[PDB]
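Scroll down for the structure; my scribbles are underneath it.
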Ligand SMILES: [Zn+2]
Ligand SMILES: [Zn+2]
Ligand SMILES: [Zn+2]
């Protein structure tokens, strides 16, 4: 539609695969490294820093430089950035999912709460529809809170068959804001085992459970092992959107105005910086987890706004907001 | 009832015959009754024909029925059309209704009329369950600025 | 009336006016040109136009790469969907690996 | 083929696949007083050898799942003892083209 | 609601009818590969009448004074009286007509003769009566072979499918069965000589024409 | 997945949708001051002109017909018979 050449064959899109970025992948694809929450100033001298919009990403001021791809502020498929998070954070839009999944797999061994030995469960496993399966399994096994070691065979209920070994009790999970809380107990009101126990299911716990689960288990669920691993519903590596995504408002020369999206990235980068600092220099133990819930907040904030708290900060005293669900909706409702 | 039938001389002859019309149904148990030609027995309940004679029969029935509805208005419509209807309504071995069965689908994709304004939760879920969109729908290709593979766009032009 | 609803859309599909449906239902947002990797449908292709160099890196592709047109909105939509860890793999063939 | 008169013990019914690979079929006498296949609305169903089937899917380049279907419990399929996977060629009359062959794959 | 269920079904280049999933709904559209707008109601004469009128009409017996082609109709009519090798052809023709009469009566039990089929033959003929100014006075310069073998080759060309293999070649035969019945019933030797005195050119023209019209009547891959 | 120039089973004729998309594209180019391969008998309209270039089998375009399986056939505008 524009001009120039391309030894590359012109073609139309026929299929479209939907998946989730693997932590590995985002790093393979990213061209930046992002460390500084700053943007274009180095001792006043205008340019950019090895931090945000600059490294290999596109440019501004009408400069044809950009990952040796040239072209300029136009005809430039903005290139993606990279940025490593300290402790693994959660992805807002999938939290609900994560639960539903945690309530389907036993904690510690990462094995489906119900096997083929269960005849009810067999029916839900024959269903060939992600929505249905994941729905049919969850409602069926969310009930059991004890990872069975043995289950009555297809024959005489007299003999029991050995299966996933770990009769450990399962927790009852309840969502509280941006975290997941669960309760335990040795039976329901059975001698010497009353009263629950409440601890917070961190992100590292969640990772081991989602990483130990085996393919045949994702299968029964809505995952493909190739484009979507449950473990990828939790963020490890933040993919950085290129400058055309978050343009920098400019009137003539010398006048601020960088998109609300670059602001929430400074917060994520800072909420990440103060986190690495602490674990390295002086770790006050459970006094750090408060800068961890901040990153967990700015990563959730930077993607969506619909919680108890609304981060409208920015440069205004008149609180505004623009995540991404907010941007997609405006464009999904415009199209 | 009248009934054009062949004559031994060859010409078709109007050879009238007695037929019983019923107001209630029990196909399974009337075929058996002796004295009747179990071959020609008919019902306007295709659902019962299917259960007793098999889906292919049902298909014929369902057509015979759809036909009469239109015919009864003096109207006429080419076979190919109702036929196609009757087939779609059949290909799965059983009689499938079309007056909206599913609340989600019938034969669409995860993008056409992104309804619910939840193209938000739909995309998140589509990422979770590695969804493979075929892009054969008009509006899905719109979002890609393409023509759908229909009529005019059902083939590529090249140099 | 005067809107172009599902109903007039159907009639146009019957007529088989494929390209008209595109011109109407679409939003004139000037088609954009992007370079896509043929192995992972992401817009991760460095198009060095002057040295015929493309590269996808991470994938190791300097040959399997295509060029496509899409409305600018489309492009942002995708990059945005990428910004949320969602992968809009764009592919150039229906004949899946099946 | 077991032709009962009134009904089978829901227990004796769990004794059908009890001897693979052989197959057991149950037919209620009443269901046989009349041969449905002789009905005026039942086209002729002809089973295809796995070879015939093979050539079928090839020549039309189809996934086994893109063929019209016939239920294993379907009356005509029960009549021919079809098994999930087998394909039937159905030759029917037509007011469009004298003959017209369709195919159905038992499930 | 109906449009929702079938909105994705189209006719593909293999002359098949499938939906967005690629599932086969009709191995040939409308079972005949034809396009409804190129169809018209025509009457298949062969079904109706007494077996007697059927015979006075389509029966030709060169080996028999009475029931042969009066030499007024044909140029080689006098010197054909008795051609053994030609009777074989006529007999094979007449046989085919009878097989058909039986077939049509098994399809349409009504005895009903009027059905929509592509190519209005009745017309093409009147379009030969006054296009070549044919006079029903002089004999035709038509050879009993010209007809019999001409009509027989035509059928090789109608074509709705082209697959070069066993299966498809049958489909092709199927999709065309009813139409040929009409063709054979109309371009039967007596008829083409005793009913509408065509000439080797008018007839050669008609044949040519029917092939064309028939091919324009096939459905175009892409029709939604 | 390609199919040799022989073995092509698809129709020898040009479908209306094909003859409709060709005239379209071609007409477009002509409207964009593109090289014309025909001798105008004094015709001004691009579509009008494309119909003539189609009429004189002078259109270097090729139609790639996709089967539903994925394979395809390539037919050059030139071959395709243009009745309609
Ligand atoms: Zn660039
Ligand atoms: Zn466990
Ligand atoms: Zn790549």
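Heads up, chain C uses Swiss-Prot numbers, so what you see runs 1127-1224.
Looking at the header, which is where the method is noted, we find X-ray crystallography, 3.1 Å.
Every residue, even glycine, has its Cβ placed from backbone N, Cα and C.
Swiss-Prot has this to say about the protein:
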- C:1163, C:1166, C:1182, C:1185: Zn(2+) binding site (BINDING)
- C:1163-1185: zinc finger (ZN_FING)
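All protein chains considered, the CB of residue C:1182 (Zn(2+) binding site) has 23 other CB atoms within 10 Å.
The Zn(2+) site, placed at the center of the C-beta atoms of C:1163, C:1166, C:1182, C:1185, has further neighbours from the same chain whose C-beta lies within 8 angstroms: C:1164, C:1165, C:1168, C:1170, C:1171, C:1183, C:1184, C:1187, C:1190, C:1191.
Reduced to three states, the DSSP call for residue C:1163 (Zn(2+) binding site) is strand. Contacts of residue C:1166 (Zn(2+) binding site) defined by a Cβ separation under 8 A and a same-chain sequence distance of 6+ are given as C:1182, C:1185, C:1215, in order along the sequence. Neighbour density around each Cβ, counted as other Cβ atoms within 10 Å, peaks among the binding-site residues C:1163, C:1185 at C:1163.
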